[PDB]
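Below is the file data-v5.cif, which contains mmCIF, N, CA and C atoms.
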data_query
#
loop_
_atom_site.label_atom_id
_atom_site.label_comp_id
_atom_site.auth_asym_id
_atom_site.auth_seq_id
_atom_site.Cartn_x
_atom_site.Cartn_y
_atom_site.Cartn_z
N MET X 1 110.50 128.76 126.63
CA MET X 1 109.56 127.91 125.87
C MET X 1 109.57 126.49 126.42
N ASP X 2 108.65 126.20 127.33
CA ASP X 2 108.53 124.86 127.90
C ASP X 2 107.06 124.47 128.03
N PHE X 3 106.20 125.23 127.37
CA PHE X 3 104.77 124.96 127.40
C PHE X 3 104.36 124.26 126.11
N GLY X 4 103.43 123.31 126.23
CA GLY X 4 102.96 122.59 125.07
C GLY X 4 103.96 121.57 124.57
N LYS X 5 104.85 121.14 125.46
CA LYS X 5 105.88 120.17 125.10
C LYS X 5 105.79 118.94 126.00
N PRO X 6 105.14 117.88 125.50
CA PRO X 6 105.00 116.62 126.22
C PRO X 6 106.24 115.75 126.10
N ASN X 7 106.52 114.97 127.14
CA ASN X 7 107.66 114.06 127.14
C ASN X 7 107.20 112.65 126.80
N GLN X 8 106.02 112.55 126.22
CA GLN X 8 105.41 111.26 125.93
C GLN X 8 105.96 110.66 124.65
N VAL X 9 106.02 109.34 124.62
CA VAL X 9 106.46 108.63 123.44
C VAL X 9 105.26 108.09 122.67
N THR X 10 105.20 108.38 121.39
CA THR X 10 104.10 107.95 120.55
C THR X 10 104.39 106.57 119.96
N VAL X 11 103.78 105.55 120.53
CA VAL X 11 103.94 104.19 120.07
C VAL X 11 102.85 103.84 119.06
N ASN X 12 103.26 103.50 117.85
CA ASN X 12 102.31 103.16 116.80
C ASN X 12 102.37 101.68 116.48
N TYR X 13 101.23 101.02 116.54
CA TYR X 13 101.13 99.60 116.23
C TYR X 13 100.77 99.43 114.76
N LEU X 14 101.79 99.31 113.92
CA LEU X 14 101.60 99.28 112.48
C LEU X 14 101.31 97.87 111.99
N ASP X 15 100.45 97.78 110.99
CA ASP X 15 100.08 96.51 110.38
C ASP X 15 101.10 96.09 109.32
N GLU X 16 101.06 96.75 108.19
CA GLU X 16 101.90 96.38 107.05
C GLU X 16 101.91 97.51 106.04
N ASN X 17 100.74 98.07 105.78
CA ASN X 17 100.61 99.19 104.85
C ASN X 17 100.91 100.51 105.56
N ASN X 18 101.74 100.43 106.60
CA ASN X 18 102.13 101.60 107.40
C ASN X 18 100.92 102.21 108.10
N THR X 19 99.89 101.40 108.28
CA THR X 19 98.68 101.83 108.96
C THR X 19 98.64 101.24 110.36
N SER X 20 98.35 102.08 111.34
CA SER X 20 98.26 101.64 112.72
C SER X 20 96.89 101.02 112.98
N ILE X 21 96.88 99.74 113.33
CA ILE X 21 95.63 99.02 113.57
C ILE X 21 95.13 99.25 114.99
N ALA X 22 95.91 99.98 115.76
CA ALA X 22 95.53 100.36 117.11
C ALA X 22 95.83 101.83 117.33
N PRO X 23 94.95 102.56 118.03
CA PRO X 23 95.16 103.97 118.36
C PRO X 23 96.55 104.21 118.95
N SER X 24 97.26 105.21 118.40
CA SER X 24 98.62 105.52 118.82
C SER X 24 98.72 105.65 120.33
N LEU X 25 99.61 104.87 120.92
CA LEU X 25 99.74 104.80 122.36
C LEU X 25 100.73 105.85 122.85
N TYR X 26 100.24 106.75 123.69
CA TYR X 26 101.08 107.77 124.28
C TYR X 26 101.70 107.26 125.56
N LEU X 27 102.92 106.74 125.44
CA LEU X 27 103.65 106.21 126.58
C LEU X 27 104.13 107.35 127.46
N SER X 28 103.52 107.48 128.62
CA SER X 28 103.83 108.57 129.52
C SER X 28 104.41 108.03 130.82
N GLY X 29 105.71 108.22 130.99
CA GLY X 29 106.37 107.80 132.21
C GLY X 29 107.02 108.96 132.91
N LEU X 30 108.17 108.73 133.51
CA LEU X 30 108.91 109.77 134.19
C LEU X 30 109.83 110.48 133.21
N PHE X 31 110.23 111.69 133.53
CA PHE X 31 111.12 112.44 132.66
C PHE X 31 112.54 111.90 132.78
N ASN X 32 113.20 111.70 131.64
CA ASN X 32 114.58 111.20 131.61
C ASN X 32 114.63 109.75 132.11
N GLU X 33 113.49 109.07 132.05
CA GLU X 33 113.40 107.69 132.48
C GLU X 33 113.68 106.73 131.33
N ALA X 34 114.46 105.70 131.61
CA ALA X 34 114.65 104.60 130.67
C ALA X 34 113.46 103.66 130.74
N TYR X 35 112.67 103.63 129.68
CA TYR X 35 111.41 102.91 129.69
C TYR X 35 111.48 101.58 128.95
N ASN X 36 110.38 100.85 129.02
CA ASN X 36 110.21 99.62 128.26
C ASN X 36 109.13 99.83 127.21
N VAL X 37 109.21 99.08 126.12
CA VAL X 37 108.25 99.22 125.04
C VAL X 37 107.05 98.28 125.23
N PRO X 38 105.84 98.84 125.36
CA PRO X 38 104.62 98.06 125.52
C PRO X 38 104.22 97.36 124.22
N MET X 39 104.17 96.04 124.26
CA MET X 39 103.86 95.26 123.07
C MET X 39 102.64 94.38 123.28
N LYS X 40 101.81 94.27 122.26
CA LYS X 40 100.60 93.46 122.32
C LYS X 40 100.47 92.63 121.05
N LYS X 41 100.14 91.36 121.20
CA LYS X 41 100.01 90.48 120.05
C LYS X 41 98.60 90.58 119.48
N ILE X 42 98.44 91.48 118.52
CA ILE X 42 97.14 91.76 117.95
C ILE X 42 96.78 90.74 116.88
N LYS X 43 95.66 90.05 117.09
CA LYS X 43 95.11 89.10 116.11
C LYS X 43 96.12 88.03 115.71
N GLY X 44 97.05 87.75 116.61
CA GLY X 44 98.07 86.76 116.33
C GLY X 44 98.99 87.18 115.21
N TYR X 45 99.55 88.37 115.31
CA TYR X 45 100.56 88.82 114.36
C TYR X 45 101.96 88.61 114.92
N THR X 46 102.93 88.47 114.03
CA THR X 46 104.32 88.36 114.43
C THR X 46 104.97 89.73 114.34
N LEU X 47 105.76 90.09 115.35
CA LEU X 47 106.46 91.37 115.32
C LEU X 47 107.41 91.42 114.13
N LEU X 48 107.03 92.20 113.13
CA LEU X 48 107.82 92.32 111.92
C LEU X 48 109.16 92.95 112.25
N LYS X 49 109.10 94.08 112.94
CA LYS X 49 110.29 94.86 113.26
C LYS X 49 109.90 96.18 113.91
N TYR X 50 110.79 96.68 114.75
CA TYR X 50 110.69 98.04 115.26
C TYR X 50 112.01 98.75 114.98
N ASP X 51 112.04 100.06 115.13
CA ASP X 51 113.27 100.80 114.89
C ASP X 51 114.21 100.66 116.08
N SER X 52 115.51 100.79 115.83
CA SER X 52 116.52 100.60 116.85
C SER X 52 116.40 101.64 117.97
N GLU X 53 115.87 102.81 117.65
CA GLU X 53 115.76 103.88 118.64
C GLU X 53 114.56 103.65 119.55
N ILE X 54 114.77 102.89 120.61
CA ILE X 54 113.75 102.68 121.63
C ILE X 54 114.36 102.81 123.03
N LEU X 55 115.58 102.29 123.19
CA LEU X 55 116.25 102.33 124.47
C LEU X 55 116.94 103.67 124.67
N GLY X 56 116.46 104.41 125.65
CA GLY X 56 117.01 105.71 125.96
C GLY X 56 116.29 106.32 127.14
N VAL X 57 115.90 107.58 127.01
CA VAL X 57 115.15 108.25 128.06
C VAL X 57 113.99 109.03 127.45
N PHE X 58 112.94 109.26 128.23
CA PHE X 58 111.86 110.13 127.81
C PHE X 58 112.40 111.52 127.52
N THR X 59 112.38 111.90 126.25
CA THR X 59 112.99 113.13 125.80
C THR X 59 112.09 114.35 126.03
N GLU X 60 112.60 115.52 125.66
CA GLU X 60 111.88 116.78 125.86
C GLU X 60 110.98 117.07 124.67
N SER X 61 110.93 116.11 123.76
CA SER X 61 110.09 116.19 122.58
C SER X 61 109.46 114.83 122.34
N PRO X 62 108.19 114.80 121.88
CA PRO X 62 107.47 113.55 121.61
C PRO X 62 108.23 112.63 120.65
N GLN X 63 108.68 111.50 121.17
CA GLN X 63 109.41 110.52 120.38
C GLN X 63 108.42 109.59 119.69
N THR X 64 108.74 109.11 118.51
CA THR X 64 107.83 108.27 117.76
C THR X 64 108.43 106.89 117.50
N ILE X 65 107.80 105.86 118.04
CA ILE X 65 108.27 104.50 117.85
C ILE X 65 107.34 103.75 116.91
N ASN X 66 107.91 103.15 115.87
CA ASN X 66 107.13 102.38 114.92
C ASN X 66 107.28 100.89 115.21
N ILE X 67 106.24 100.31 115.79
CA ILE X 67 106.23 98.88 116.08
C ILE X 67 105.30 98.18 115.10
N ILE X 68 105.87 97.38 114.21
CA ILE X 68 105.11 96.78 113.13
C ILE X 68 104.85 95.30 113.38
N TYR X 69 103.59 94.90 113.25
CA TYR X 69 103.20 93.51 113.41
C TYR X 69 102.74 92.93 112.08
N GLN X 70 103.48 91.96 111.58
CA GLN X 70 103.19 91.38 110.28
C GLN X 70 102.25 90.19 110.43
N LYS X 71 101.34 90.07 109.48
CA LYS X 71 100.42 88.94 109.43
C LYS X 71 101.21 87.65 109.24
N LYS X 72 101.12 86.74 110.20
CA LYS X 72 101.85 85.48 110.12
C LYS X 72 101.10 84.47 109.25
N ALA X 73 100.04 84.95 108.61
CA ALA X 73 99.28 84.13 107.68
C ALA X 73 99.87 84.27 106.29
N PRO X 74 100.19 83.13 105.64
CA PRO X 74 100.80 83.12 104.30
C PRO X 74 99.97 83.88 103.26
N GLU X 75 100.60 84.16 102.13
CA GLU X 75 99.96 84.92 101.06
C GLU X 75 99.04 84.02 100.23
N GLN X 76 98.26 83.20 100.91
CA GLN X 76 97.27 82.36 100.26
C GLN X 76 95.89 82.98 100.45
N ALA X 77 95.56 83.30 101.69
CA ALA X 77 94.31 83.97 102.00
C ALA X 77 94.52 85.49 102.03
N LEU X 78 95.77 85.90 101.99
CA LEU X 78 96.12 87.31 101.99
C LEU X 78 96.49 87.76 100.58
N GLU X 79 95.82 88.79 100.08
CA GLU X 79 96.08 89.29 98.74
C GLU X 79 96.67 90.69 98.78
N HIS X 80 97.80 90.86 98.12
CA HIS X 80 98.41 92.17 97.96
C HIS X 80 98.15 92.68 96.55
N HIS X 81 97.25 93.63 96.42
CA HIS X 81 96.87 94.14 95.11
C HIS X 81 97.76 95.32 94.72
N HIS X 82 98.62 95.09 93.75
CA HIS X 82 99.57 96.10 93.31
C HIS X 82 98.99 96.94 92.18
N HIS X 83 98.94 98.24 92.39
CA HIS X 83 98.48 99.18 91.37
C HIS X 83 99.28 100.47 91.46
N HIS X 84 99.22 101.29 90.42
CA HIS X 84 100.07 102.49 90.33
C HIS X 84 99.54 103.64 91.20
N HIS X 85 98.91 103.28 92.32
CA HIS X 85 98.27 104.25 93.21
C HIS X 85 97.02 104.82 92.55
#

Rendering of file as structure tokens:
Amino acid sequence: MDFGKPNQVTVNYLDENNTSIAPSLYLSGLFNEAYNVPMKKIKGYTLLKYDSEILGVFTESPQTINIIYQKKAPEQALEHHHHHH
């Protein structure tokens, strides 16, 4: 069983509501390669945080990296509407 198994890393550019504001980036490099994480400053956001699991090698299964960019604009023009779903 080695068919249908990509070694690509799924990089997600998350906003805040766990929504990716950019199409999930399929990082495709060499197999067992130690890669770098592609980062882009979207709309002037500050990198909120990413998960510690980034430094390693392209695995035999699609790895998922959550890269979150937080709005560096204060909660004056930004409204968080809290409701019970």

> Which distance in Å separates atom C of residue 72 in chain X and atom N of residue 43 in chain X, to one decimal?
Replying inline: 11.1 Å

>> If we count all atoms listed in the file and set the cut-off at 7 Å, which residues sit around residue 67 in chain X, ignoring sequence neighbours fewer than 6 positions away in its own chain? Please answer as a VMD selection string.
In response: chain X and resid 11 to 15 47 to 51

> Could you spell out the hits of the PyMOL selection byres ((chain X and resi 62) around 6.5) on the shown file, as an MDAnalysis selection string?
Replying inline: chainID X and resid 5:10 59:61 63:64

>> Please compute the CA of residue 18 in chain X-CA of residue 70 in chain X distance, one decimal, in Å.
In response: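 CA of residue 70 in chain X lies 10.7 Å from CA of residue 18 in chain X.
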
> Residues of chain X in strand (DSSP E or B) according to DSSP, as a PyMOL selection string?
Replying inline: chain X and resi 9-14+20-27+45-50+63-71

Residue subset to file, keeping N, CA and C atoms, as a PDB file, in the frame of the given file:
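The resulting result-v5.pdb:
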ATOM      1  N   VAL X   9     106.020 109.340 124.620  1.00  0.00           N
ATOM      2  CA  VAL X   9     106.460 108.630 123.440  1.00  0.00           C
ATOM      3  C   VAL X   9     105.260 108.090 122.670  1.00  0.00           C
ATOM      4  N   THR X  10     105.200 108.380 121.390  1.00  0.00           N
ATOM      5  CA  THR X  10     104.100 107.950 120.550  1.00  0.00           C
ATOM      6  C   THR X  10     104.390 106.570 119.960  1.00  0.00           C
ATOM      7  N   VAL X  11     103.780 105.550 120.530  1.00  0.00           N
ATOM      8  CA  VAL X  11     103.940 104.190 120.070  1.00  0.00           C
ATOM      9  C   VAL X  11     102.850 103.840 119.060  1.00  0.00           C
ATOM     10  N   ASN X  12     103.260 103.500 117.850  1.00  0.00           N
ATOM     11  CA  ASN X  12     102.310 103.160 116.800  1.00  0.00           C
ATOM     12  C   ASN X  12     102.370 101.680 116.480  1.00  0.00           C
ATOM     13  N   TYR X  13     101.230 101.020 116.540  1.00  0.00           N
ATOM     14  CA  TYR X  13     101.130  99.600 116.230  1.00  0.00           C
ATOM     15  C   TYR X  13     100.770  99.430 114.760  1.00  0.00           C
ATOM     16  N   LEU X  14     101.790  99.310 113.920  1.00  0.00           N
ATOM     17  CA  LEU X  14     101.600  99.280 112.480  1.00  0.00           C
ATOM     18  C   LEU X  14     101.310  97.870 111.990  1.00  0.00           C
ATOM     19  N   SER X  20      98.350 102.080 111.340  1.00  0.00           N
ATOM     20  CA  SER X  20      98.260 101.640 112.720  1.00  0.00           C
ATOM     21  C   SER X  20      96.890 101.020 112.980  1.00  0.00           C
ATOM     22  N   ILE X  21      96.880  99.740 113.330  1.00  0.00           N
ATOM     23  CA  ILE X  21      95.630  99.020 113.570  1.00  0.00           C
ATOM     24  C   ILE X  21      95.130  99.250 114.990  1.00  0.00           C
ATOM     25  N   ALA X  22      95.910  99.980 115.760  1.00  0.00           N
ATOM     26  CA  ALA X  22      95.530 100.360 117.110  1.00  0.00           C
ATOM     27  C   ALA X  22      95.830 101.830 117.330  1.00  0.00           C
ATOM     28  N   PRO X  23      94.950 102.560 118.030  1.00  0.00           N
ATOM     29  CA  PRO X  23      95.160 103.970 118.360  1.00  0.00           C
ATOM     30  C   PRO X  23      96.550 104.210 118.950  1.00  0.00           C
ATOM     31  N   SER X  24      97.260 105.210 118.400  1.00  0.00           N
ATOM     32  CA  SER X  24      98.620 105.520 118.820  1.00  0.00           C
ATOM     33  C   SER X  24      98.720 105.650 120.330  1.00  0.00           C
ATOM     34  N   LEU X  25      99.610 104.870 120.920  1.00  0.00           N
ATOM     35  CA  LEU X  25      99.740 104.800 122.360  1.00  0.00           C
ATOM     36  C   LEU X  25     100.730 105.850 122.850  1.00  0.00           C
ATOM     37  N   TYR X  26     100.240 106.750 123.690  1.00  0.00           N
ATOM     38  CA  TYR X  26     101.080 107.770 124.280  1.00  0.00           C
ATOM     39  C   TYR X  26     101.700 107.260 125.560  1.00  0.00           C
ATOM     40  N   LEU X  27     102.920 106.740 125.440  1.00  0.00           N
ATOM     41  CA  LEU X  27     103.650 106.210 126.580  1.00  0.00           C
ATOM     42  C   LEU X  27     104.130 107.350 127.460  1.00  0.00           C
ATOM     43  N   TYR X  45      99.550  88.370 115.310  1.00  0.00           N
ATOM     44  CA  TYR X  45     100.560  88.820 114.360  1.00  0.00           C
ATOM     45  C   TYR X  45     101.960  88.610 114.920  1.00  0.00           C
ATOM     46  N   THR X  46     102.930  88.470 114.030  1.00  0.00           N
ATOM     47  CA  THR X  46     104.320  88.360 114.430  1.00  0.00           C
ATOM     48  C   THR X  46     104.970  89.730 114.340  1.00  0.00           C
ATOM     49  N   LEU X  47     105.760  90.090 115.350  1.00  0.00           N
ATOM     50  CA  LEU X  47     106.460  91.370 115.320  1.00  0.00           C
ATOM     51  C   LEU X  47     107.410  91.420 114.130  1.00  0.00           C
ATOM     52  N   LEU X  48     107.030  92.200 113.130  1.00  0.00           N
ATOM     53  CA  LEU X  48     107.820  92.320 111.920  1.00  0.00           C
ATOM     54  C   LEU X  48     109.160  92.950 112.250  1.00  0.00           C
ATOM     55  N   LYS X  49     109.100  94.080 112.940  1.00  0.00           N
ATOM     56  CA  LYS X  49     110.290  94.860 113.260  1.00  0.00           C
ATOM     57  C   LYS X  49     109.900  96.180 113.910  1.00  0.00           C
ATOM     58  N   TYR X  50     110.790  96.680 114.750  1.00  0.00           N
ATOM     59  CA  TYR X  50     110.690  98.040 115.260  1.00  0.00           C
ATOM     60  C   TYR X  50     112.010  98.750 114.980  1.00  0.00           C
ATOM     61  N   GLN X  63     108.680 111.500 121.170  1.00  0.00           N
ATOM     62  CA  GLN X  63     109.410 110.520 120.380  1.00  0.00           C
ATOM     63  C   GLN X  63     108.420 109.590 119.690  1.00  0.00           C
ATOM     64  N   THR X  64     108.740 109.110 118.510  1.00  0.00           N
ATOM     65  CA  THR X  64     107.830 108.270 117.760  1.00  0.00           C
ATOM     66  C   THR X  64     108.430 106.890 117.500  1.00  0.00           C
ATOM     67  N   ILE X  65     107.800 105.860 118.040  1.00  0.00           N
ATOM     68  CA  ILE X  65     108.270 104.500 117.850  1.00  0.00           C
ATOM     69  C   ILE X  65     107.340 103.750 116.910  1.00  0.00           C
ATOM     70  N   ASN X  66     107.910 103.150 115.870  1.00  0.00           N
ATOM     71  CA  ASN X  66     107.130 102.380 114.920  1.00  0.00           C
ATOM     72  C   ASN X  66     107.280 100.890 115.210  1.00  0.00           C
ATOM     73  N   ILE X  67     106.240 100.310 115.790  1.00  0.00           N
ATOM     74  CA  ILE X  67     106.230  98.880 116.080  1.00  0.00           C
ATOM     75  C   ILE X  67     105.300  98.180 115.100  1.00  0.00           C
ATOM     76  N   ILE X  68     105.870  97.380 114.210  1.00  0.00           N
ATOM     77  CA  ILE X  68     105.110  96.780 113.130  1.00  0.00           C
ATOM     78  C   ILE X  68     104.850  95.300 113.380  1.00  0.00           C
ATOM     79  N   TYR X  69     103.590  94.900 113.250  1.00  0.00           N
ATOM     80  CA  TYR X  69     103.200  93.510 113.410  1.00  0.00           C
ATOM     81  C   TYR X  69     102.740  92.930 112.080  1.00  0.00           C
ATOM     82  N   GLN X  70     103.480  91.960 111.580  1.00  0.00           N
ATOM     83  CA  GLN X  70     103.190  91.380 110.280  1.00  0.00           C
ATOM     84  C   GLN X  70     102.250  90.190 110.430  1.00  0.00           C
ATOM     85  N   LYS X  71     101.340  90.070 109.480  1.00  0.00           N
ATOM     86  CA  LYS X  71     100.420  88.940 109.430  1.00  0.00           C
ATOM     87  C   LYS X  71     101.210  87.650 109.240  1.00  0.00           C
TER      88      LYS X  71
END

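In terms of minimum interatomic distance to residue 53 in chain X, X:66 ranks closest within X:75, X:20, X:41, X:66, counting only C-alpha atoms.
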
>> One decimal, in Å: what's the spacing between atom C of residue 58 in chain X and CA of residue 34 in chain X?
In response: 7.9 Å

> Which neighbours of residue 42 in chain X fall inside 9 Å, counting only C-alpha atoms, when residues of the same chain fewer than 3 positions from it are skipped, and could you give them as a PyMOL selection string?
Replying inline: chain X and resi 13+21-22+45-46+69

Generate the missing atoms of range 66-77 of chain X up to N, CA, C and O atoms and report them as a CSV table (one decimal), keeping the file's coordinate frame.
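So part-v6.csv came out as:
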chain,number,residue,atom,x,y,z
X,66,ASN,N,107.9,103.2,115.9
X,66,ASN,CA,107.1,102.4,114.9
X,66,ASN,C,107.3,100.9,115.2
X,66,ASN,O,108.3,100.3,114.9
X,67,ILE,N,106.2,100.3,115.8
X,67,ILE,CA,106.2,98.9,116.1
X,67,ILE,C,105.3,98.2,115.1
X,67,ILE,O,104.1,98.4,115.1
X,68,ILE,N,105.9,97.4,114.2
X,68,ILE,CA,105.1,96.8,113.1
X,68,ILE,C,104.8,95.3,113.4
X,68,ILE,O,105.8,94.5,113.7
X,69,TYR,N,103.6,94.9,113.2
X,69,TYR,CA,103.2,93.5,113.4
X,69,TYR,C,102.7,92.9,112.1
X,69,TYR,O,101.7,93.3,111.5
X,70,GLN,N,103.5,92.0,111.6
X,70,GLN,CA,103.2,91.4,110.3
X,70,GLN,C,102.2,90.2,110.4
X,70,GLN,O,102.4,89.4,111.4
X,71,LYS,N,101.3,90.1,109.5
X,71,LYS,CA,100.4,88.9,109.4
X,71,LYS,C,101.2,87.6,109.2
X,71,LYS,O,101.9,87.5,108.2
X,72,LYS,N,101.1,86.7,110.2
X,72,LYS,CA,101.8,85.5,110.1
X,72,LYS,C,101.1,84.5,109.2
X,72,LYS,O,101.5,83.3,109.2
X,73,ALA,N,100.0,85.0,108.6
X,73,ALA,CA,99.3,84.1,107.7
X,73,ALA,C,99.9,84.3,106.3
X,73,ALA,O,100.1,85.4,105.8
X,74,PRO,N,100.2,83.1,105.6
X,74,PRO,CA,100.8,83.1,104.3
X,74,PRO,C,100.0,83.9,103.3
X,74,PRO,O,98.8,84.2,103.5
X,75,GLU,N,100.6,84.2,102.1
X,75,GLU,CA,100.0,84.9,101.1
X,75,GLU,C,99.0,84.0,100.2
X,75,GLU,O,99.0,84.1,99.0
X,76,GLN,N,98.3,83.2,100.9
X,76,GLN,CA,97.3,82.4,100.3
X,76,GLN,C,95.9,83.0,100.4
X,76,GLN,O,95.1,83.2,99.5
X,77,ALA,N,95.6,83.3,101.7
X,77,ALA,CA,94.3,84.0,102.0
X,77,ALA,C,94.5,85.5,102.0
X,77,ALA,O,93.6,86.3,102.1
